[PDB]
Each structure stands twice: as structure tokens, then as C-alpha cells.
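Colleague: Compute the structure for the input listed below.
(one chain, ligands or ions: 4)
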Amino acid sequence: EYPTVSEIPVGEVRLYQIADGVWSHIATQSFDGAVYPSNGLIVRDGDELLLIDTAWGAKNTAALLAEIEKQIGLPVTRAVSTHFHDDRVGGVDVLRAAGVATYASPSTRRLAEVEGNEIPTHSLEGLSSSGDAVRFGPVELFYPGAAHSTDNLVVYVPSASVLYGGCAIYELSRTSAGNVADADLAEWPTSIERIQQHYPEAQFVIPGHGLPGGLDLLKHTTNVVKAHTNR
Ligand SMILES: CCCn1ccnc1C(=O)O
Ligand SMILES: [Zn+2]
Ligand SMILES: [Zn+2]
Ligand SMILES: [Zn+2]
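Modeller: Numbers count the residues shown, from 1 in each chain. Ligands and ions are numbered 1, 2, ... in the order given. Find the structure here:
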């Protein structure tokens, strides 16, 4: 079963194998008095690993690298951060010093620099317009438009029908909005519609925080985002 927030102490990282050569990574963090789970992705590409998002902080990201070596034993050669918040780029300097090439859109890199968050080294071109998609090795990167943040990307693994929606997508047990300080509430449902229309075939859908599901997570998130818009 998928590890939930209560089952993971802060500092430890779990890996959940989804398909041949595709995992999620799950960590936990204390924030504003509560403990939150956090998801990322791992995708094999030949004999190297592509990492999607840090494990939320230097300590968790060191643990993530150690659990990868233990359970997979293939090197992480590139990483992509899906937006500029600390749960996605916090740990980038740990990755960089381990030899990982860190990537993010110019939008994400600009926003991280402004916030004082760690900044991925390389830039992802071709993603500035809503609906833009680019191939990145074993995944497609998709910019659906502004949602949880103006820069959020989603990641699709075509070999496995896995769609990592990041923080643009809510888990079912979340029935109220999360951190929406950087969000575009007016555009969020339209951006979700772009995800549905671009990956209607997705089978396994992973939120940025919590339990995966199917494409019904998109409808769930639209429901929650609209109830927050109206209250
Ligand atoms: C579980 C939502 C609260 N949260 C904590 C850290 N990041 C978030 C988010 O909404 O993206
Ligand atoms: Zn965020
Ligand atoms: Zn988050
Ligand atoms: Zn729902």
C-alpha cells in the first residue's frame, strides 16, 4: 500500500514502485505546526535515473539519495523541479554536490531566486506558453498554465501512463485548499482542463502531496479549488 503521512517519520524517505522503471518518493516535513507528506517521481532512463522534485529540504534529500542507492542502485544524473517552492527545490544544493544536473524552467528559476529558495542550475526551454510540451528523456514535461503557482509543470511518463500532477493536483482526502498564496485561482480549473485534454489516457495520477488516484483527481481538485474560490 502507498505510505501515508502518519506512517513516515520526518527524516525518512520511502520509495513506492509504480511500474517498471518508475517510482514515487515520499517524504514528510513539519510546517506551520503540522506534518505533511510530499511526493516526487523517479523514472529510469537506460542505466541512469531522472529525478522529479526534491524531498523537501537538505536532510530529506540526502536521505532520498541514500534510499535510491539502497533500493535501486542506479545513479541520479538529472533532476527537474516542478515549481519554485521549498518542497520542490529544497535540497537542490545537495543534489548538485552529488553530481546531479538540476533543471527548472526560467520562470521557476526566476521565482526561486526571488523567494530566497535554492536555484536549479540548468534551464528548461520551450515551456513558457500554456499548453506547451517538451520531451525530456523518458518523460514529457507539460506547462498547463497557472494553477498552484504560475510556473507549475506536470510530468507524464508515456511508457507507464503515469501523470505526476505536482501541486496543481490535490489528493482526495484534501477537501480544502492548501497553500494558495502563489496560486492563480481564476485560471486553475482551465489549466486542469488542459491537463485532461492533453493526457486523457493517463492511468496513475500522483498529487504533489498525498495518495495517488486516477484522472478523477483532476475533477476532485477542480471541485476543491472552485469551493475555495466561492468562499
Ligand atoms: C498539503 C498541502 C499544504 N502544503 C504543504 C506544503 N506544500 C503544500 C501545498 O499545498 O503545495
Ligand atoms: Zn508549492
Ligand atoms: Zn507543496
Ligand atoms: Zn472530491
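Colleague: Now do the contacts for the residue in the chain positioned nearest to ligand 2.
Modeller: The minimum distance from the chain to ligand 2, using Cβ to the ion, falls at residue 85 (3.4 Å). All C-beta atoms are positioned from the backbone trio N, CA, C, and that covers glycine. For residue 85, the set of contacting residues under the criterion of Cβ atoms under 8 Å, 6 or more residues apart in numbering consists of 115, 117, 149, 167, 179, 182.
Colleague: By neighbour count, which of these wins?
Modeller: For the contacts of residue 85, neighbours were counted using other Cβ atoms under 10 Å, and residue 167 has the most, 26 neighbours in all.
Colleague: can you tell me which of the contacts of residue 85 are in helices?
Modeller: For the contacts of residue 85, the ones inside helices are residue 115, with DSSP state H as the criterion.
Colleague: What parts of the protein come near ligand 2?
Modeller: The interface of the chain toward ligand 2, taken as Cβ under 5 Å from the ion, is made up of 85, 167.
Colleague: ok, the residue nearest the centre of the chain to ligand 3 distance?
Modeller: Taking Cα atoms, centre = their mean as the criterion, residue 166 is the residue nearest the geometric centre of the chain, at 3.7 Å. Using Cβ to the ion, to the nearest Å, one gets 8 Å for the distance from residue 166 to ligand 3.
Colleague: Kindly report the same for residue 92.
Modeller: Look at residue 92 and ligand 3: by Cβ to the ion, they are 15 Å apart.
Colleague: How about the residue nearest to the centre of the chain, nearest residue that isn't a chain neighbour?
Modeller: For residue 166, the nearest residue in space outside its immediate sequence neighbours is residue 82; the separation is 4.2 Å by Cβ to Cβ, 6 or more residues apart in numbering.
Colleague: Just to check, the one you found is in contact with residue 39?
Modeller: No. With the criterion set as Cβ atoms under 8 Å, residue 82 and residue 39 do not qualify as a contacting pair; they are 10.4 Å apart.
Colleague: between those two, what contacts are shared?
Modeller: Applying Cβ under 8 Å, 6+ apart, one finds that residue 82 and residue 39 are jointly contacted by 53, 164, 208.
Colleague: so where's the longest strand in the protein?
Modeller: Scanning the chain for the longest strand, with DSSP state E as the assignment, gives strand 34-45.
Colleague: buried stuff in that one?
Modeller: Burial within strand 34-45, assessed by neighbour count using 16 or more other Cβ atoms under 10 Å, is assigned to 36-44.
Colleague: Pick out whichever of the residues you listed sits closest to ligand 3.
Modeller: Taking Cβ to the ion as the measure, ligand 3 sits nearest to residue 38 out of those, at 6.6 Å.
Colleague: Okay, and the beta partners of the closest one?
Modeller: As for beta bridges, residue 38 partners with residue 27 under DSSP bridges.
Colleague: mind checking the SS state of residue 196?
Modeller: In the three-state summary, residue 196 is assigned as helix, counting by DSSP: H, G, I helix; E, B strand; the rest coil.
Colleague: gap between it and residue 125?
Modeller: With the distance defined as Cβ to Cβ, to the nearest Å, residue 196 ends up 25 Å from residue 125.
Colleague: that older thread, redo the shared contacts of residue 82 and residue 39 as a markdown table? Include secondary structure.
Modeller: Conversion of the shared contacts of residue 82 and residue 39 to a markdown table gives the following (three-state DSSP):
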| residue | secondary structure |
| --- | --- |
| 53 | coil |
| 164 | strand |
| 208 | coil |
